[PDB]
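Below you will find one chain, with nothing else, as structure tokens; this is the form deposited in one PDB entry, and questions on how it binds or moves follow later.
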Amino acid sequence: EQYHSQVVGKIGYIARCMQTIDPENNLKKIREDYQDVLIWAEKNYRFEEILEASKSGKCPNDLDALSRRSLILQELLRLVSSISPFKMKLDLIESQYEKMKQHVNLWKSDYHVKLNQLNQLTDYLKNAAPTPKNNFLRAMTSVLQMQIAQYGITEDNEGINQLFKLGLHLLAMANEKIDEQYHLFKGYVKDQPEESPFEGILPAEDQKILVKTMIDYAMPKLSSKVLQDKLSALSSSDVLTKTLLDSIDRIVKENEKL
């Protein structure tokens, strides 16, 4: 979708740039650098097929890495195109490629990549339908935005870097993996320092939808009426907390013995 379509676009664009840079297939060093990507554009796959390969992790699907590696070939294509009709010798092209490589890699790092990754999260949520994944993602992103407002992105912050890791992973995760989504979000809430991490950060209406979501997930998995009675009452809270989640986890433990 919004993410894996850009992955396929970057894969097709890298191959287009490589072919125009090296129209006679002689820049073996550069093509070996990109063969992990180029193979998916040379194997007669359709757009839908590469899309499913990106969702299943069969092809390169790190959009930020693909974007950085596309910029390298784009820079080299600009040079090759701007000196037309004059050809450059093959080893000189590779010499230019190595310098552009380290130059672009430095630019595509530090605060800049974090800034791009935040945009990936907000753009993905721009018109996202209210799903558990999208509710988890919008809650995590709002915490991320609040922490960046307090700490910035030019220095390293472990809590922010964890939100980027888990958030982007949830973003690229398949929409049908309900268990993996619930596991990721419950993992983040437990593995973060604050007790009520969403207080003052999300509207009160959204905080209740989060509580109702976690309740409706474990509700059909109670192998006893008595265990499913108290869990239904835990919806009396309107803020997702670590105590509320541990309360749900304890009910699954008492039901696991039965």
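Numbering starts at 1 and runs along the sequence shown.
Although it is not shown, the form deposited in another entry is what the next lines describe.
Engineer: For the rigid-body movement between the shown form and the other one, give the member of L106, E24, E205, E48 that sits on the hinge.
Structural biologist: Answer by hinge criterion: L106.
Engineer: Over in the other structure, so in that other deposited form, do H169 and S56 pull closer or drift farther apart at the C-alpha level? The difference is 3 angstroms or more.
Structural biologist: It is farther: the C-alpha separation of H169 and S56 rises by at least 3 Å in that other deposited form.
Engineer: Quick one: with a 3 Å or larger change, is the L79 to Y111 CA distance smaller or larger in that other deposited form? Answer closer or farther.
Structural biologist: It is closer: in that other deposited form, the C-alpha atoms of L79 and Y111 lie at least 3 Å nearer than they do here.
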